[PDB]
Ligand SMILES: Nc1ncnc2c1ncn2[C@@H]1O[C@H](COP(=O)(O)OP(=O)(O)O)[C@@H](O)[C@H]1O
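Form solved without adenosine-5'-diphosphate (ADP), single chain, as structure tokens, below.
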């Protein structure tokens, strides 16, 4: 009628309005502030009538949709209530200030053993549910956290580990040891991206390990999917891993000369990216002028209140000390890092004698690289420009021949080697970190996952494709687990038989990863052809998947920026979070990073023993798939709980809820997908106590005196509610979508009808109340007897 709806607003996400006209596909909205505007019908949502209402669980809303969720969490955020549930899913909005009281020892103790529904929403309740299910089901647990870099994820993990160790640990502070090491993990696994100064580029699963008595014995950091492409190249607003800049900004002149470091504009592996340091007025004065690149001198430092290349170098050194890394192992790490940097400066020129030679201007780079990595310069020169092959492939006796590489193959061998070295170094840093909280054995674990979420830009390339693929698969895992929890809840509540209609995203997943016919195998097939081309790869995808629901040519995009992208220059995939247009230029080169065997053997038998120890045919996309599947196998072997961390604005400001930005994160985090899944079941539900308090004011005193369950049984029975839309559970009334709003209107719209209906339920209610105490007497007698069964 004249009811409030939510309609789109460009900075708040949604605004309140009235529907004043209708059209075929859109609605005309009058903002509650006569500047009408048009909105697509599926972007307009019913609003709660009470705009100052706040519920702890969004399932208590009379309408559960993206707009009512956004508003409920906004209202809660304005009262510093940062935590809110959707069923068992925790939504967590970063406060950007230290909230008094809620993380104290007293609060920790108050959450122990308590069911999720029985305390206010809190990260501790999610930690405690994981624990109880671990103890009772003898099942390891995962706590799967989504969010942008900086969305409070680091602090969230800290609270979980602190809750678990302080509650269920024995004076041993695993949480603090894990945390002391962070400067080292971030140095090797974090980097500046266009949106995030301190973005983690790997999947990290922080496990607290437990014995059979469910007491903490230790911790383990599992790591997955380090982003390899960033090692050799970056876009102009991005950097390589922090370590490279900390080392160049902060290393003493003695270490500089030994590693032959110089400002980062001098390194191919740094100089396509942003070569500027994070520095403030004081730390800038501590960086020698010869560490500073031209872009730095012209443009100044990058500004961040919590990151500084010079000072973070010192902090990283302090943490390496605080956890046992001796100074020789320190310099070993640094030697490998600078070895990789000099590797990247080696250039090649076409021979024309066949193959290529190292340019003569690359002689010092080669000299530096071979020394740092402990390799003969001549051996390196040869393995960079030539490879070994057998003269046969199919069992016949063959000979080893030497095959000169072209320049392009030599560029690839130098970069492949760079990537394998750095990745093994990362693997080493993490193992070393794990050597700070080792444990003999354990029966189960509770782990917290942190991994880059779904993202898109104006230009999306292979990096985005892999990240969004990873998230498509995690989203399927999230949907499956929520589906299972809801089905289980409906059974435990006694709601009877019900199918929750599930529209899966297996088809999107199959589009990307299916053997032979998936986009990643079609991309590998492109490598085998005479003249590999991105355009041919892309036409093949469109040809093979002509009829695919989740694939479109770029031309079909709603956006203007994709207007002139050709059919063979990109594709659109319809992900869980929305449509993404990928430009496929460079997909083929980005799909190859293989290191030919002779060069890998060279490095595996470095003169230097540290390098040797580091090291003790498949495309990038298929290695990505394989490692992602290993991550998923782990998650699938645990009970799962879910936290969605939300960044309230881009300015680190307290008390500033930016609606559109938060909306976009709720979409990208898979919350809206989850809400869509929940519409197939009973997404609104309310406890008898909640219903009793809302509606007793409308009932005779006779009814107000009933306990909440019999009050509701009475009201439910008196109204003659349709058996499909309304379900009377054990502890709650469950509603089909919108049906709680409809219940509320019945309760409000005709007092005389209501009064009469309640009059007429009198008899049924007298009896129900007879039978309650009656059968409760009969139950006390049966119990009394069961104790007598011992006879």
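Positions refer to the first chain, counted from 1.
What follows is about the form solved in complex with adenosine-5'-diphosphate (ADP), which we do not show.
Stretch-level contact analysis of 415-423, 557-565, 581-589, 96-104 against adenosine-5'-diphosphate (ADP) in the deposited complex, using heavy atoms and a 4.5 Å limit, identifies 96-104. The shortest heavy atom separation between residue 165 and adenosine-5'-diphosphate (ADP) in the deposited complex exceeds 4.5 Å. Residue contact check for residue 198: one or more of its heavy atoms lie within 4.5 Å of adenosine-5'-diphosphate (ADP) in the deposited complex.
The closest non-hydrogen atom of residue 159 lies within 4.5 Å of adenosine-5'-diphosphate (ADP) in the deposited complex.
Proximity of residue 183 to adenosine-5'-diphosphate (ADP) in the deposited complex falls outside the 4.5 Å heavy atom cutoff. Of the residues 308, 175, 148, 128, just one reaches adenosine-5'-diphosphate (ADP) in the deposited complex with a heavy atom at 4.5 Å or closer; this is 148. Here is the short version: of 153, 230, 685, 246, the single residue with a heavy atom within 4.5 Å of adenosine-5'-diphosphate (ADP) in the deposited complex is 153.
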